[PDB]
Amino acid sequence: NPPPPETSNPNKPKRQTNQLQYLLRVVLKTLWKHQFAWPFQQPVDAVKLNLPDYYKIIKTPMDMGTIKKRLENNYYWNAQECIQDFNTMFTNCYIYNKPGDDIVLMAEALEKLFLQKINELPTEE
Ligand SMILES: CCOC(=O)CNC(=O)CN(Cc1ccc2nc(-c3cc(C)c(=O)n(C)c3)n(CC3CCOCC3)c2c1)C(=O)c1c(F)c(F)c(N=[N+]=N)c(F)c1F
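Each residue of the sequence shown is one higher than the one before, counting from 44 in PDB author numbering.
Okay, here's the thing in structure tokens:
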């Protein structure tokens, strides 16, 4: 298991935006409570799950636990960095797991909900 992605930036000032408020209070909150969220709420523990090839295939690990902490810690300078992390999390799932696997159906359900919410992302302001 690699160290988890950094979730706090000591060199970054605290700044709210409409889009980051939306990404935490609407997007993350809605995905987090979903019945299929749980496999995505923490980094893949390749040791506990005995997946010796996972971190060989996945160069950029990402999960909603990391995204949640990043939003709570105001880690993201803008909405697009956060959207990129969600996209990476889904991509990792689709490139590692066989199509139609339970985890892929769970990712597809969450991604459908994610894109539903991102389509209603507030304007930059
Ligand atoms: C401390 C105790 O020690 C242990 O027993 C260690 N092993 C366990 O606990 C393992 N678990 C729980 C668990 C936790 C997080 C996981 N995250 C993933 C996962 C994998 C992959 C490649 C991936 O790409 N991503 C993004 C996530 N998986 C794999 C599963 C993902 C969903 O479809 C089925 C494989 C996870 C597994 C399960 O076996 C367990 C379980 F899988 C259940 F579905 C379940 N539901 N019910 N009822 C349940 F009760 C389970 F306990």
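Each residue gets a CB set at the ideal place from its N, CA and C atoms; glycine is no exception.
Between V69 and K155, the C-beta gap is not smaller than 7 Å, which leaves the two residues out of contact. Judged by DSSP secondary structure, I138 falls within the alpha helix (DSSP H) whose first and last residues are 122-139. Checking the 6 Å criterion, the Cβ of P82 is within range of a heavy atom belonging to ligand 1. Straight-line spacing of the CA atoms in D145 and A80 works out to 12 Å. Between the C-alpha atoms of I101 and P46 there is a straight-line separation of about 14 Å.
Taking C-alpha positions only, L67 is separated from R58 by approximately 14 Å.
Looking from the CA of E167, the closest CA among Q127, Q64, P53, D96 belongs to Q64. Inside the region 53-129, DSSP marks whole alpha helix (DSSP H) runs of 4 or more residues at positions 61-65, 72-75, 97-100, 107-115, from first to last along the chain.
For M105, the closest alpha carbon among the candidates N121, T73, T134 is that of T134.
With respect to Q62, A152 sits apart: the two C-beta atoms are not nearer than 7 Å. The shortest C-alpha to C-alpha distance from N130 to any of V87, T103, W120 is the one to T103.
Within the same chain, and ignoring the five residues on either side of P165 in sequence, the residues whose Cβ sits closer than 7 Å to its Cβ are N61, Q62, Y65.
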